[PDB]
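Peer 1: I'd like to ask you about the structure that follows.
FYI, it's all coordinate maths here, none of it is from the lab. Note that each Cβ is placed from the backbone with ideal geometry, even for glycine, and that neighbours are counted across all protein chains shown.
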Amino acid sequence: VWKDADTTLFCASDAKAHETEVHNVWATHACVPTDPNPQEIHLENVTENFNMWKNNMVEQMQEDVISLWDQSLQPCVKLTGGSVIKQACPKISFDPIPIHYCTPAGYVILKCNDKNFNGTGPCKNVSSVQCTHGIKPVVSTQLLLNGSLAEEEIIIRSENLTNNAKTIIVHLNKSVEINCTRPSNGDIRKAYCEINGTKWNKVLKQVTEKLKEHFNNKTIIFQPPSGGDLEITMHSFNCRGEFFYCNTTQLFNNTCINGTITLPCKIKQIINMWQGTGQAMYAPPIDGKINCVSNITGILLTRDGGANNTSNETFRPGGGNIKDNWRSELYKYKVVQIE
Ligand SMILES: CN1C(C)(C)CC(NC(=O)C(=O)Nc2ccc(Cl)c(F)c2)CC1(C)C
Ligand SMILES: *[C@@H]1O[C@H](CO)[C@@H](O)[C@H](O)[C@H]1NC(C)=O
Ligand SMILES: *[C@@H]1O[C@H](CO)[C@@H](O)[C@H](O)[C@H]1NC(C)=O
Ligand SMILES: *[C@@H]1O[C@H](CO)[C@@H](O)[C@H](O)[C@H]1NC(C)=O
Ligand SMILES: *[C@@H]1O[C@H](CO)[C@@H](O)[C@H](O)[C@H]1NC(C)=O
Ligand SMILES: *[C@@H]1O[C@H](CO)[C@@H](O)[C@H](O)[C@H]1NC(C)=O
Ligand SMILES: *[C@@H]1O[C@H](CO)[C@@H](O)[C@H](O)[C@H]1NC(C)=O
Ligand SMILES: *[C@@H]1O[C@H](CO)[C@@H](O)[C@H](O)[C@H]1NC(C)=O
Ligand SMILES: *[C@@H]1O[C@H](CO)[C@@H](O)[C@H](O)[C@H]1NC(C)=O
Ligand SMILES: *[C@@H]1O[C@H](CO)[C@@H](O)[C@H](O)[C@H]1NC(C)=O
Ligand SMILES: *[C@@H]1O[C@H](CO)[C@@H](O)[C@H](O)[C@H]1NC(C)=O
Ligand SMILES: *[C@@H]1O[C@H](CO)[C@@H](O)[C@H](O)[C@H]1NC(C)=O
């Protein structure tokens, strides 16, 4: 017998104590080794309600990632609340590793195994586990990278679809590779991302058909972000310690919905910190080829308001709230206390 509850989680990883890579260094001091023989108990005739949008596991992961970035990625100049911090900004080894979240004694994690589970409401196939699967703390906007895929159909997630102010998470069931490169040797901040247009347009077409099921067969239209900070209007992510900002206008092409799509990107030193600590200037890029190949496994969308009297619904790539990134992986878990 159990009940919904929050508690202090701990983390587990397969980090190497000899690695200089910052995620390894953090997890070495902050996490324990993973369980080689994880146990999972499938419950019968159990109905449990879940709510990915109000899940304390998300806040805790956010706190971990903030801590990790604080100890690892130091900008040359910090501009937080009037005060200005000048400090050293060495180039680091950066590559996210899977982090597992685990409950202490007296608590268990319930896992929803329904194939079409949207993140909220009752779940019929529930199991109890001691730790979540390995989740890479990938910080990005617009596109969710290196995540897990939906096992069956594409899933649409939202706290309230009728509320256009609520972010929509699209969970893909098939990944699409995005290949980003800052050439070696010139504009040292110029870069680009390559995507297979055939693969992407097919997936995007399926996303539209899925959105139709949720919006009463209205016509689905994609548009580039209306405005805001560069972190929102562009697909921003971190590759090898360098902050990439990529223009995704070509990705959401309504006409296409087959060749290589090349997105124009820039490496930026001056960034609005996702932690919410204001603005910061990081160090200039390293020399040589800077390359990251990632799997697109999710999309963050914001729906246009004021379209009730039309047959169209307009969706733009957006987001910015990094907690949503963790929600896209933590949606199927919740903590309960055992009695
Ligand atoms: C709290 N708040 C929210 C989350 C509400 C929105 C917004 N978010 C970002 O500016 C942001 O996420 N930037 C960013 C930076 C680097 C990378 Cl790599 C990236 F992906 C994104 C501003 C702040 C103040 C942080
Ligand atoms: C629930 O999961 C079981 C396997 O654990 C499966 O046999 C069953 O079809 C699932 N029920 C649903 C979601 O229809
Ligand atoms: C998720 O499922 C719940 C319960 O069936 C439902 O109320 C809600 O509308 C669904 N959300 C989405 C995004 O389909
Ligand atoms: C990228 O996607 C492929 C196909 O789903 C997968 O085999 C590979 O492990 C993924 N790489 C990751 C998760 O970084
Ligand atoms: C992804 O989901 C869609 C329905 O949303 C389905 O038609 C398609 O077969 C799925 N793709 C794969 C490879 O399972
Ligand atoms: C969802 O959003 C709509 C529009 O803001 C609102 O009228 C409605 O009350 C919301 N539904 C819930 C369950 O809060
Ligand atoms: C990434 O793109 C570069 C060319 O821009 C290419 O040399 C490399 O093979 C690509 N990587 C993958 C995984 O296709
Ligand atoms: C792009 O993806 C398609 C499958 O959708 C594949 O057949 C084709 O080889 C890919 N293009 C390249 C250049 O790899
Ligand atoms: C969309 O149209 C199909 C016919 O292809 C219909 O069966 C279905 O009920 C419609 N869905 C919605 C949500 O309006
Ligand atoms: C993306 O590129 C298009 C085409 O050049 C341009 O019109 C648009 O302003 C760019 N978006 C951003 C946010 O820079
Ligand atoms: C959308 O695709 C069409 C078809 O090639 C292309 O001509 C156009 O440039 C694209 N629109 C964009 C990315 O603004
Ligand atoms: C995604 O995972 C791949 C394979 O581990 C890695 O090379 C790439 O840098 C990752 N992308 C991001 C943005 O972390």
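Peer 1: Identify, from the list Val129, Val138, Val84, the residue that is out of contact with any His (no Cβ under 9 Å at 6 or more places or on another chain), surrounded by 17 or more Cβ atoms within 10 Å (Cβ to Cβ) and under 22 Å from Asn272 (Cα atoms). Please lay out each step first, then the result.
Peer 2: On the way: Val129 fails: under 22 Å from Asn272 (Cα atoms); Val84 fails: surrounded by 17 or more Cβ atoms within 10 Å (Cβ to Cβ).
So the residue among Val129, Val138, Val84 that is out of contact with any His (no Cβ under 9 Å at 6 or more places or on another chain), surrounded by 17 or more Cβ atoms within 10 Å (Cβ to Cβ) and under 22 Å from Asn272 (Cα atoms) is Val138.
Peer 1: Can you pull out every residue in segment 267-284 that is within 16 Å of ligand 12 (Cβ to nearest atom) and either among the charged types (D, E, K, R) or surrounded by fewer than 18 Cβ atoms within 10 Å (Cβ to Cβ) (or both)?
Peer 2: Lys268, the sole residue that qualifies.
Peer 1: List pairs: first in segment 255-278 and assigned to a loop (DSSP other than H, G, I, E, B), second among the polar types (S, T, N, Q) and more than 16 Å from ligand 9 (Cβ to nearest atom), Cβ under 7 Å, 6+ apart or cross-chain?
Peer 2: What qualifies is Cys256/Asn201; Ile257/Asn201; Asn258/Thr198; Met273/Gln279; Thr277/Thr80; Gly278/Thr80.
Peer 1: Another question about this same structure. Could you check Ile66 against (1) in contact with a strand residue (DSSP E or B) (Cβ under 7 Å, 6 or more places away or on another chain); (2) under 30 Å from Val293 (Cβ atoms); (3) outside any loop (DSSP other than H, G, I, E, B) and say which number it fails?
Peer 2: (1)
Peer 1: How do the pairs read when you match residues in segment 229-246 that are assigned to a helix (DSSP H, G or I) with residues anywhere that are of a type in the set (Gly, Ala, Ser) and within 14 Å of ligand 12 (Cβ to nearest atom), using Cβ under 9 Å and keeping only pairs 6 or more apart or on different chains?
Peer 2: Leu230/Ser236
Peer 1: Then there's this: Say whether the condition of being within 16 Å of ligand 7 (Cβ to nearest atom), over 20 Å from the mean Cα position of the chain (by Cα) and not in a strand (DSSP E or B) is met by at least one residue in segment 287-303.
Peer 2: Yes, segment 287-303 contains at least one residue that is within 16 Å of ligand 7 (Cβ to nearest atom), over 20 Å from the mean Cα position of the chain (by Cα) and not in a strand (DSSP E or B).
Peer 1: So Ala150 ticks every box in (1) touching a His at 6+ places or on another chain (Cβ under 8 Å); (2) surrounded by 22 or more Cβ atoms within 10 Å (Cβ to Cβ); (3) small (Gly, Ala, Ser) but one. Which box is left unticked?
Peer 2: Going through (1) touching a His at 6+ places or on another chain (Cβ under 8 Å); (2) surrounded by 22 or more Cβ atoms within 10 Å (Cβ to Cβ); (3) small (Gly, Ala, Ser) one by one, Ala150 breaks only (2).
Peer 1: Moving on to the next point. Going by what's in this entry, would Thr208 be described as hydroxyl-bearing (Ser, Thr, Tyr) and within 16 Å of ligand 7 (Cβ to nearest atom)?
Peer 2: Numbers: hydroxyl-bearing (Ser, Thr, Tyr): yes; within 16 Å of ligand 7 (Cβ to nearest atom): no.
The answer is no for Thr208.
Peer 1: List pairs: first residue in segment 43-64 and among the polar types (S, T, N, Q), second residue not in a helix (DSSP H, G or I) anywhere in the structure, Cβ distance under 6 angstrom, at least six positions apart or on different chains.
Peer 2: Close Cβ pairs (under 6 Å, with a partner that is not in a helix (DSSP H, G or I)) amount to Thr47/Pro122; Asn49/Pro122; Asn51/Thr120; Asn56/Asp6; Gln60/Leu9.
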